[PDB]
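> Protein chains in written order, with the deposited numbering: chain DW, 1 to 94; chain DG, 2 to 177; chain DI, 2 to 136; chain DN, 1 to 136; chain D5, 1 to 38; chain DJ, 8 to 141.
No residue lacks a Cβ here, since even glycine has one placed at the ideal position from N, Cα and C.
Would you mind keeping the following structure in view while I ask a few things?
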Amino acid sequence: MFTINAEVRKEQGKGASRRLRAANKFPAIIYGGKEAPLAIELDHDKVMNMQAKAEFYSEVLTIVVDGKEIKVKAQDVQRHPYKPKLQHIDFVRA
Amino acid sequence: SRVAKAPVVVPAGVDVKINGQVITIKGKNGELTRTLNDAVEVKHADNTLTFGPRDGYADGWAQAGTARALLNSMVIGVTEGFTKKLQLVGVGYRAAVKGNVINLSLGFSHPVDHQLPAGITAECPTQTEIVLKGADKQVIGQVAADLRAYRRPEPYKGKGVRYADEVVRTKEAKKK
Amino acid sequence: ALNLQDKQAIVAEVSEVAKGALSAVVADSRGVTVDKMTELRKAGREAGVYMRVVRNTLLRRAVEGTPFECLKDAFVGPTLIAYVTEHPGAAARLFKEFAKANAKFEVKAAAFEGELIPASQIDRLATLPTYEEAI
Amino acid sequence: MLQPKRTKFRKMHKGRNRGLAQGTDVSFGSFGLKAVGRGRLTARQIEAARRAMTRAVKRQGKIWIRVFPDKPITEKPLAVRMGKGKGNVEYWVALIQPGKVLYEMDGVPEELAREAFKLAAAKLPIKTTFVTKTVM
Amino acid sequence: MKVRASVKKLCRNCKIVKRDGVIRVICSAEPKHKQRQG
Amino acid sequence: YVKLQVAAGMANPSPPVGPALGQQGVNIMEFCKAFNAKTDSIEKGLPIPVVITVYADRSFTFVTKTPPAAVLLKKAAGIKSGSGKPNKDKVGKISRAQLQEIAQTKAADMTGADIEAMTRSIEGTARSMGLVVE
RNA sequence: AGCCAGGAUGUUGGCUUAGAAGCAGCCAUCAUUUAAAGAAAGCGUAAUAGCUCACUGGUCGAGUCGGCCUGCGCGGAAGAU
RNA sequence: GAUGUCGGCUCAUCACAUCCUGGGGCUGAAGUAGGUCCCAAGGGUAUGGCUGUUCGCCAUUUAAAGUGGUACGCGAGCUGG
Ligand SMILES: [Mg+2]
Ligand SMILES: [Mg+2]
Ligand SMILES: [Mg+2]
Ligand SMILES: [Mg+2]
Ligand SMILES: [Mg+2]
Ligand SMILES: [Mg+2]
Ligand SMILES: [Mg+2]
Ligand SMILES: [Mg+2]
Ligand SMILES: [Mg+2]
Ligand SMILES: [Mg+2]
Ligand SMILES: [Zn+2]
């Protein structure tokens with residue numbers, strides 16, 4: 001069971017997203033259902049080592065946003081053009 | 002590090018004198034002295050010698066490893082002693098000792114007379130053998146190299162001054 | 002490379018043969034060619050003896066389950082085991098002739114009755130004849 | 001040697017080679033040779049690299065060339081002054097932005113594909129990286 | 001001695017050594033494998 | 008000390024055994040007749056291997072070994088020469104009864120404990136020469 | 001990592017060749033005794049021998065191996081008063 | 001409102017990417033002689049036949065007959081092919 005820790009984004013946009021990546025973190029989104037989409041930030045190293053396993057893209061993952069637990073499935077991934085890094089992840093509510 | 006952490010056991014009859022960084026090791030075979038690198042902290046105590054780094058020195062452990070190794074072969078030196086054996090290969094190549102001078106006939110116009118330094122002694126059991134004996138591992142090693150230098154083993158017949166434990170690889174001449 | 006699964010399997014195979022056999026012979030075999038060994042393996046299978054070279058750490062594990070728990074101090078240096086499953090004896094005599102004829106090794110210690118046999122007193126299991134001798 | 005079979009026009013403006021690549025994923029094979037640099041690959045460089053990797057895999061497996069040299073490059077000869085019309089077309093290049101997957105391979109073990117790509121990379125004017133196929 | 005920008009281990013007996021800030025390839029088996037970076 | 012393979016009733020010609028064993032220090036007329044006197048029981052047209060043990064006094068003692076595995080598979084299948092490209096080109100066929108016949112003869116030199124162990128050791132010699140088990 | 005010991009049998013695998021016996025090439029690459037030993041990674045022989053490795057048992061006694069993201073350096077670096 | 005052009009003569013000066021001599025590694029280096037490369041700029045480094053030639057070809061030397069920069073060095077120094 002993959003458990004991802006996340007914080008809610010206090011900011012949005014180009015400026016703010018680039019600042020996260022410089023801080024070894026990356027933006028991501030949680031959408032789907034009647035619920036409003038949740039803009040979140042993830043630790044780069046942690047999620048990077050997780051996504052290395054094929055099960056990440058198939059299995060239901062749990063995202064821990066300020067105590068609360070959210071069952072999701074990896075919908076889409078924006079990868080760095082040439083480096084082994086992640087730019088953004090789309091998470092769909094399962 | 003794995004070397005520095007391993008203690009040197011000073012046997013009975015061996016006197017160790019430490020004056021800061023200067024170490025004098027006196028035994029039955031002789032007396033050797035060495036100045037250790039400032040990064041080394043040498044401790045005596047019991048029938049052993051222990052080495053370690055000194056605070057503020059970057060390469061401390063590497064230095065302490067060398068310091069150990071040298072002091073271990075200093076102890077071996079003043080007790081057991083060291084022996085290097087050389088053997089002359091080739092027609093007319095001969096050697097003889099006359100006190101502290103090794104007379105070498107090695108295919109040159111003039112015979113070679115090599116003066117031995119303080120502490121190294123030599124004897125010729127054969128006309129084609131040199132046996133060096135001393136307490137300083139570096140100096141015996143140096144003299145053995147200098148004697149070898151007059152005629153280094155050639156690769157077509159193995160001719161020349163070679164160490165006893167030396168593997169002299171030979172080859173065939175260009176075909177046609 | 003030996004995995005723990007492989008190590009547990011080797012402890013199992015030598016633990017099973019430990020119970021069943023009657024007389025076990027522990028000896029050195031360093032500095033002996035495969036030609037003389039394949040010759041003691043043919044002379045072993047014939048006499049109903051099980052021949053093996055096992056890691057001394059792996060031996061102190063298969064032997065902990067009784068009765069050879071006195072062969073511990075013999076698991077220092079190269080160790081070769083001779084488990085006689087068919088008729089007690091066989092190996093303790095087969096090894097004594099192989100030791101004298103080849104001059105290499107010394108033969109560590111023997112075991113029978115769940116009791117320790119020293120390197121000097123191996124003449125006890127060497128003079129014992131057949132089963133098959135009482136008639 | 002790759003080249004367009006026909007073109008709407010003979011010659012083309014120099015232009016620029018700004019931006020990041022399109023086609024940054026192994027989409028046909030199991031392994032790829034991704035560009036980390038920015039530059040032009042000539043039809044001769046592309047062929048040189050293709051030959052190297054083909055010889056390497058002993059003509060086993062399958063190779064894909066994700067780049068096409070569709071850009072005509074003109075050149076003025078020696079002893080020719082400036083002006084008097086645009087030069088003549090001499091060779092064809094493919095503009096390369098960081099991220100472009102240049103070559104793809106499958107039907108060979110990873111170790112071999114890695115070596116074949118090491119050999120081809122030496123024939124190229126731009127820095128490359130080895131890439132593996134991914135699940136999304 | 002082979003002086004070149006790219007110095008590499010050519011066999012198992014090759015060894016990479018740094019002597020007075022110069023990368024060298026010293027080889028115990030083949031004298032032809034002796035290299036200096038320059 | 009040298010290893011050779013000489014015929015059942017033939018030992019004397021210069022190209023196969025002549026200066027091969029004679030260069031060490033072995034009597035060319037003493038061994039040639041002592042070998043054929045002991046291999047007289049061995050069938051005609053079967054190469055028999057022999058190992059020579061020589062000492063410092065030019066003296067010699069030999070122990071005769073059973074015919075080779077690649078040798079017995081040729082007479083059992085009915086072939087003079089093997090396949091140039093084994094497992095790519097089939098040159099003959101040998102039954103399971105013929106495999107145990109070669110193994111029972113080779114038992115004196117084989118390392119195997121059981122009949123099935125010696126039979127599989129002949130199965131490997133057949134595959135590596137183009138002969139298929141049928 | 002170092003050091004001790006082994007690195008066997010069928011078998012000189014088959015074809016080819018004056019010879020090819022792990023070691024010119026070509027094709028196959030199993031099976032046995034096994035602690036482990038490729039029908040053989042290199043040197044050597046006219047072909048053998050002989051030397052060593054892959055692999056494994058012993059000794060030793062606590063760390064060791066090399067990929068990833070990165071900061072700062074090193075080589076690559078020859079010119080004319 | 002002028003910075004005389006090629007070649008020669010005379011006189012040079014620097015670079016080193018070294019032709020010779022010196023040191024050294026590899027060699028498919030037995031020796032003699034070579035090949036290749038590294039260090040080295042201290043000194044040294046032909047005369048002639050043909051052509052305005054520089055060059056080049058040729059003859060005969062020599063340890064060698066280096067490659068370049070200096071307004072393709074040098075006409076308030078000479079020559080004028
Ligand atoms: Mg902006
Ligand atoms: Mg130096
Ligand atoms: Mg004026
Ligand atoms: Mg220079
Ligand atoms: Mg060159
Ligand atoms: Mg000069
Ligand atoms: Mg005239
Ligand atoms: Mg000349
Ligand atoms: Mg001028
Ligand atoms: Mg004038
Ligand atoms: Zn090497």
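Residues of chain DW with CB under 7 Å from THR54 (chain DN), in chain order?
Those do not exist, as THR54 (chain DN) stays about 25 Å from chain DW at its closest Cβ, beyond 7 Å.
> Does chain DW have any CB closer than 9 Å to the CB of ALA21 (chain DN)?
yes
> Does any CB atom of chain DW fall closer than 9 Å to the CB of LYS118 (chain DN)?
no
> For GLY32 (chain DN), decide whether its Cβ has a neighbour in chain DW, counting only Cβ atoms nearer than 9 Å.
no
> What are the start and end residues of the beta strand (DSSP E) that includes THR46 (chain DJ)?
Unbroken run through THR46 (chain DJ): none, as it is neither H nor E.
> What three-state label does DSSP hand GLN143 (chain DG) in the structure shown?
In the three-state scheme derived from DSSP, where H, G and I count as helix and E and B as strand, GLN143 (chain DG) is classed as helix.
> Taking only the alpha-carbon atoms, compute the straight-line gap between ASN104 (chain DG) and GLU40 (chain DI) and give it to the nearest angstrom.
Whole-angstrom Cα-Cα distance: 58 Å.
> Could you compute how far the alpha carbon of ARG93 (chain DW) sits from the alpha carbon of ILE30 (chain DW)?
Their Cα atoms are separated by approximately 7 Å.
> Which of the three DSSP states is assigned to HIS88 (chain DW) in this structure?
Three-state DSSP puts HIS88 (chain DW) in a strand.
> Note the first and the last residue of the continuous alpha helix (DSSP H) segment covering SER16 (chain DI).
5–21
> Going along chain DN, which residues have a C-beta under 9 Å from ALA54 (chain DW)?
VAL135
> Taking the DSSP output, what are the residues bridged to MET105 (chain DN)?
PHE31 (chain DN), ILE63 (chain DN)
> Please report the residue range of the beta strand (DSSP E) in which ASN104 (chain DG) lies.
Residues 102–106.
> Going by CA-CA distance only, name the one from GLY115 (chain DI), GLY90 (chain DI), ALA104 (chain DI), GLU107 (chain DI) that's closest to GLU134 (chain DI).
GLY90 (chain DI)
> When you check each C-beta in the stretch 90–109 of chain DN against every C-beta of chain DW, which residues fall closer than 8 Å?
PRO98, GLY99
> Comparing the C-beta of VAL72 (chain DW) with each C-beta of chain DN, is any distance below 9 Å?
no
> Does the count of Cβ pairs from the stretch 100–117 of chain DN and the stretch 54–62 of chain DN closer than 8 Å reach three?
yes
> What are the boundary residues of the alpha helix (DSSP H) that includes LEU138 (chain DJ)?
Where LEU138 (chain DJ) is concerned, there is no enclosing alpha helix (DSSP H), given that its DSSP letter is neither H nor E.
> Give every residue of the same chain whose Cβ lies closer than 6 Å to the Cβ of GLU130 (chain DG), excluding the five residues on either side of it in the sequence, and list them in chain order.
The answer, listed in chain order, is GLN88.
> Does the beta-carbon of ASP36 (chain DI), which I'm using as the reference point, lie nearer than 8 Å to any heavy atom of ligand 2?
no
> Let me know the secondary structure DSSP gives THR58 (chain DI) once reduced to three states.
helix
> Check the Cβ-Cβ distances between residue 96 (chain DW) and every residue of chain DN, and say whether any is below 9 Å.
Because chain DW spans 1 through 94 in this model, residue 96 (chain DW) falls outside it and cannot be assessed.
> Less than 8 Å separating the Cβ of residue 40 (chain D5) from some heavy atom of ligand 11?
Residue 40 (chain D5) is absent from the model: chain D5 starts at 1 and stops at 38.
> Does DSSP put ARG163 (chain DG) in a helix, a strand or coil?
Strand.
> If you draw a straight line from the alpha carbon of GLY89 (chain DJ) to that of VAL13 (chain DJ), how long is it in whole angstroms?
Roughly 19 Å between the two C-alpha positions.
> Under 7 Å Cβ-Cβ, which residues of chain DW neighbour residue 158 (chain DN)?
With chain DN running from 1 to 136 in the structure shown, residue 158 (chain DN) is simply not present.
> Comparing C-alpha positions only, which one of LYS14 (chain DW), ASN24 (chain DW), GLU35 (chain DW) sits nearest to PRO84 (chain DW)?
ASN24 (chain DW)
> Please compile the residues from chain DW whose C-beta is within a distance smaller than 8 Å of the C-beta of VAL36 (chain DN).
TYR82
> Would you verify that the beta carbon of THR7 (chain DN) is, or is not, closer than 9 Å to some beta carbon of chain DW?
no
> Among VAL26 (chain DI), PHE113 (chain DI), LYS8 (chain DI), which residue has its Cα nearest to the Cα of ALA100 (chain DI)?
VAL26 (chain DI)
> With DSSP as the reference, please indicate the residues paired to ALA111 (chain DI) in a beta bridge.
BP columns for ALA111 (chain DI) point to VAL26 (chain DI), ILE118 (chain DI).
> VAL76 (chain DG) and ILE26 (chain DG): beta carbons closer than 9 Å?
yes
> Please state whether the Cβ-Cβ distance between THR126 (chain DJ) and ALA110 (chain DJ) is less than 9 Å.
Contact annotation: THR126 (chain DJ) and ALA110 (chain DJ) have beta-carbon atoms nearer than 9 Å.
> Give the C-beta separation of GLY19 (chain DN) and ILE126 (chain DN) to the nearest angstrom, bearing in mind that I take them to be a contact with Cβ-Cβ under 8 Å.
Contact doesn't hold; Cβ gap of about 15 Å is too wide.
> Between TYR164 (chain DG), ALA165 (chain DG), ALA119 (chain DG), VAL169 (chain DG), which has its C-alpha nearest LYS158 (chain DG)'s C-alpha?
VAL169 (chain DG)
> Pick out whichever of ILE49 (chain DJ), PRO75 (chain DJ), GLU50 (chain DJ), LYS45 (chain DJ) has its Cα sitting closest to the Cα of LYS10 (chain DJ).
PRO75 (chain DJ)
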